[PDB]
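Only one structure is covered here, and it is reproduced in the block below.
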2 protein chains.
Amino acid sequence: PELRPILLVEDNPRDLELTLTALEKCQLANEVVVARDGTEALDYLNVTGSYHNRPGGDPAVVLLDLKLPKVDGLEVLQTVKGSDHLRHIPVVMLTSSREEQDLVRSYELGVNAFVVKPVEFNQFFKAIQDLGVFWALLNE
Amino acid sequence: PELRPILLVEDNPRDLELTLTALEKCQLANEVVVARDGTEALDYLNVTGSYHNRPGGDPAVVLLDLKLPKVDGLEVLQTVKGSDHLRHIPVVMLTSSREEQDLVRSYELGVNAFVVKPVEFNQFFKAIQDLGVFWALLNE
Ligand SMILES: [Mg+2]
Ligand SMILES: [Mg+2]
């Protein structure tokens with residue numbers, strides 16, 4: 001079967017570069033698609049805006065930075081979680097502090113996967129584990 | 001592409017069960033094939049003994065318990081590393097103590113991946129990382 005993309009949603013240019021590098025350097029094979037705000041993220045997930053008739057399919061996981069312009073990360077989260085056609089898509093929240101996580105947990109949106117930036121593979125894989133996502137070793 | 005099997009080489013019945021359970025519980029998709037001593041391991045890798053004309057292909061990784069009867073783990077390691085047709089296969093050494101690792105490192109066999117038993121996913125994934133093995137998230 002074909003690998004599905006990772007959706008990385010991130011507004012900070014440096015956080016973007018760091019996370020992309022971390023994912024590459026841990027030899028994750030899935031291609032990463034980048035959204036820079038909540039608008040871009042939801043357009044991707046719903047195959048519209050710039051992404052109309054894009055290579056369809058849901059991402060393997062969404063890495064969702066919490067604070068975004070235009071449409072906030074929490075909004076993206078609420079829309080994925082509250083939508084019938086999206087709620088199955090696994091979401092890892094990216095935050096700058098552990099305390100931002102406490103706030104997110106208070107919203108009771110059933111998020112169990114968090115990574116505190118900078119993203120590194122130990123915390124990333126733990127989030128994968130927290131999500132119950134299946135993973136595989138490749139021979140390539 | 002088809003996923004390749006994990007080869008787990010383990011003589012202790014309880015260590016076998018624990019490791020199998022850990023691999024299942026971290027949602028690793030690759031099937032696990034079990035060898036119980038160095039003889040069984042090398043037969044598998046060379047597609048002979050019980051494994052003649054088996055579904056061919058090299059494993060994605062070999063998880064190799066260090067002490068085995070008949071043919072010792074170190075022997076299996078030396079044979080994989082010193083053989084032209086096997087040396088590309090990634091090997092994680094399983095040990096009972098960190099000190100067993102120091103001995104293995106003294107043999108200068110280019111092993112960078114170790115897990116101390118009981119196997120758990122954090123140490124397992126770190127070994128995957130130490131080996132430079134590619135990995136993927138599945139949608140299943
Ligand atoms: Mg942000
Ligand atoms: Mg043993």
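Going through the structure tokens in order, the chains are called A, B, and so on, while each chain numbers its residues from 1 and the ligands are numbered from 1 in the order shown.
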Taking only C-alpha atoms and all ligand atoms into account, which residues have an atom no farther than 7 Å from ligand 2? I'd like them as a compact mmCIF listing (two decimals) with C-alpha atoms, in the first residue's frame.
# COMPACT_ATOMS: atom_id res chain seq x y z
CA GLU B 10 15.82 -15.62 21.78
CA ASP B 11 16.40 -18.75 23.88
CA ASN B 12 14.64 -17.70 27.11
CA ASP B 65 19.79 -12.10 22.08
CA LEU B 66 23.47 -12.32 23.05
CA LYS B 67 23.63 -15.72 24.79
CA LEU B 68 22.22 -18.73 22.96
Review point. Leaving out region 90-95 of chain B and any residue of its chain fewer than 2 positions from it, which residues lie within 10 Å of it when counting only C-alpha atoms, given as number ranges by chain?
Key: A: 139; B: 7-10, 58-67, 73-74, 77, 80-81, 86-88, 97-101, 104, 111-119, 124, 127-128, 130-133
In terms of only C-alpha atoms, the residue from A:105, A:85, A:14, A:126 at minimal distance from chain B is A:126
I'd like the neighbourhood of region 28-41 of chain A as a tab-separated table (two decimals) with N, CA and C atoms, in the first residue's frame, where a residue qualifies if any of its atoms comes within 8 Å (using only C-alpha atoms), though same-chain residues fewer than 4 positions away should be ignored.
chain	number	residue	atom	x	y	z
A	3	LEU	N	2.25	4.87	1.04
A	3	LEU	CA	2.37	5.64	2.26
A	3	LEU	C	1.56	6.92	2.12
A	4	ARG	N	0.85	7.30	3.17
A	4	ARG	CA	0.17	8.60	3.21
A	4	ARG	C	1.10	9.68	3.77
A	5	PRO	N	0.88	10.95	3.36
A	5	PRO	CA	1.70	12.08	3.83
A	5	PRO	C	1.48	12.42	5.30
A	6	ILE	N	2.49	13.05	5.90
A	6	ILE	CA	2.34	13.72	7.18
A	6	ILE	C	1.88	15.14	6.87
A	7	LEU	N	0.88	15.65	7.56
A	7	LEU	CA	0.58	17.09	7.46
A	7	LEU	C	1.21	17.84	8.64
A	8	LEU	N	2.16	18.71	8.34
A	8	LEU	CA	2.78	19.57	9.35
A	8	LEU	C	2.19	20.96	9.26
A	9	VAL	N	1.57	21.41	10.35
A	9	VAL	CA	0.96	22.73	10.37
A	9	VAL	C	1.76	23.61	11.33
A	10	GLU	N	2.41	24.63	10.80
A	10	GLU	CA	3.36	25.41	11.57
A	10	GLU	C	3.52	26.82	11.00
A	11	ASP	N	3.33	27.84	11.83
A	11	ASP	CA	3.47	29.22	11.34
A	11	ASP	C	4.88	29.80	11.52
A	12	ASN	N	5.62	29.33	12.51
A	12	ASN	CA	6.97	29.85	12.74
A	12	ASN	C	7.98	29.22	11.77
A	20	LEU	N	10.99	19.86	10.20
A	20	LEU	CA	11.24	19.16	8.95
A	20	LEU	C	12.56	18.41	9.01
A	23	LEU	N	12.34	15.27	11.32
A	23	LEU	CA	11.61	14.18	10.67
A	23	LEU	C	12.50	13.50	9.63
A	24	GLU	N	13.23	14.30	8.87
A	24	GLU	CA	14.15	13.72	7.89
A	24	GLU	C	15.23	12.90	8.56
A	45	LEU	N	-6.98	19.44	4.36
A	45	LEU	CA	-7.71	18.31	4.90
A	45	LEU	C	-9.02	18.10	4.15
A	49	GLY	N	-9.38	24.94	-1.66
A	49	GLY	CA	-8.41	26.02	-1.78
A	49	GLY	C	-7.33	25.60	-2.75
A	68	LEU	N	-1.73	29.62	15.67
A	68	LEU	CA	-1.60	29.93	14.25
A	68	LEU	C	-2.36	31.22	13.93
A	69	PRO	N	-1.93	31.94	12.89
A	69	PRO	CA	-2.73	33.10	12.48
A	69	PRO	C	-3.95	32.69	11.64
A	70	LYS	N	-4.92	33.60	11.49
A	70	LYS	CA	-6.11	33.45	10.64
A	70	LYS	C	-7.13	32.47	11.17
A	71	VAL	N	-6.69	31.22	11.30
A	71	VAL	CA	-7.48	30.20	11.95
A	71	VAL	C	-6.53	29.55	12.95
A	72	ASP	N	-6.88	29.61	14.22
A	72	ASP	CA	-5.98	29.18	15.28
A	72	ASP	C	-5.86	27.65	15.30
A	73	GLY	N	-4.79	27.15	15.91
A	73	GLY	CA	-4.58	25.71	15.96
A	73	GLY	C	-5.72	25.00	16.66
A	75	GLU	N	-8.78	25.88	16.77
A	75	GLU	CA	-9.89	25.83	15.83
A	75	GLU	C	-9.74	24.66	14.86
A	76	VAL	N	-8.53	24.48	14.33
A	76	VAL	CA	-8.26	23.37	13.44
A	76	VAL	C	-8.55	22.07	14.18
B	134	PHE	N	14.98	2.93	7.94
B	134	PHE	CA	13.82	3.76	7.59
B	134	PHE	C	12.54	3.18	8.18
B	135	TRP	N	11.61	4.06	8.53
B	135	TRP	CA	10.38	3.62	9.14
B	135	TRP	C	9.23	4.47	8.62
B	136	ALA	N	8.02	3.97	8.79
B	136	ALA	CA	6.88	4.62	8.18
B	136	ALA	C	5.68	4.55	9.09
B	137	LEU	N	4.82	5.56	8.99
B	137	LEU	CA	3.52	5.52	9.63
B	137	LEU	C	2.50	4.95	8.64
Write out as number ranges by chain the set of residues from chain A that DSSP, computed on the backbone, places in helix (DSSP H, G or I). A: 13-25, 38-45, 49-51, 73-81, 98-106, 121-131
Given the selection you just returned, output its residues as a file containing C-alpha atoms, formatted as a compact mmCIF listing (two decimals), in the first residue's frame.
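The result, written out as part_11.txt:
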# COMPACT_ATOMS: atom_id res chain seq x y z
CA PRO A 13 9.57 29.62 9.90
CA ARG A 14 12.31 28.36 12.18
CA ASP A 15 10.09 25.83 13.97
CA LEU A 16 9.06 24.67 10.47
CA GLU A 17 12.68 24.10 9.41
CA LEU A 18 13.65 22.42 12.68
CA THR A 19 10.73 19.99 12.61
CA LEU A 20 11.24 19.16 8.95
CA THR A 21 14.89 18.43 9.69
CA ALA A 22 14.06 16.24 12.71
CA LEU A 23 11.61 14.18 10.67
CA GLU A 24 14.15 13.72 7.89
CA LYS A 25 16.93 12.83 10.30
CA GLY A 38 -5.15 27.10 10.10
CA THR A 39 -6.67 28.15 6.79
CA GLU A 40 -4.07 26.24 4.80
CA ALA A 41 -4.45 23.25 7.11
CA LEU A 42 -8.21 22.97 6.72
CA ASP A 43 -8.02 23.53 2.98
CA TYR A 44 -5.61 20.60 2.74
CA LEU A 45 -7.71 18.31 4.90
CA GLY A 49 -8.41 26.02 -1.78
CA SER A 50 -4.93 25.50 -3.25
CA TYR A 51 -5.44 21.78 -2.71
CA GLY A 73 -4.58 25.71 15.96
CA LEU A 74 -7.30 25.04 18.52
CA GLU A 75 -9.89 25.83 15.83
CA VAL A 76 -8.26 23.37 13.44
CA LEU A 77 -8.28 20.84 16.27
CA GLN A 78 -11.94 21.52 17.08
CA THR A 79 -12.91 21.23 13.39
CA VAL A 80 -11.08 17.92 12.89
CA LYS A 81 -12.50 16.48 16.12
CA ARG A 98 4.14 21.90 28.93
CA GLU A 99 1.66 24.40 30.36
CA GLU A 100 0.07 25.05 26.99
CA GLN A 101 -0.69 21.32 27.09
CA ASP A 102 -2.52 21.66 30.37
CA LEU A 103 -4.81 24.27 28.82
CA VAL A 104 -5.47 22.09 25.78
CA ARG A 105 -6.28 19.15 28.04
CA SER A 106 -8.83 21.34 29.92
CA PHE A 121 12.37 11.67 17.69
CA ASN A 122 11.93 10.30 21.23
CA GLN A 123 9.02 12.58 22.03
CA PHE A 124 7.71 12.19 18.47
CA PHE A 125 7.63 8.41 18.63
CA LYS A 126 6.02 8.53 22.07
CA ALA A 127 3.21 10.63 20.57
CA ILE A 128 2.86 8.07 17.79
CA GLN A 129 2.54 5.47 20.55
CA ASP A 130 0.04 7.62 22.46
CA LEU A 131 -2.08 7.73 19.27
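Shortest separation to chain A among B:109, B:57, B:46, B:83 occurs at residue B:57, atoms counted being only C-alpha atoms.
Atom to atom, CA of residue 140 (chain B) and CA of residue 89 (chain B) stand 26.3 Å apart.
Going from CA of residue 48 (chain B) over to CA of residue 1 (chain B), you cover 24.7 Å.
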- Message: Considering only strand (DSSP E or B) as DSSP defines it on the backbone, what residues of chain B qualify? List them as a PyMOL selection string.
- Response: chain B and resi 6-9+28+32-35+61-65+91-95+114-116+135-137
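If you measure from each of A:107, A:2, A:47, A:27 to chain B using only C-alpha atoms, the closest one turns out to be A:27.
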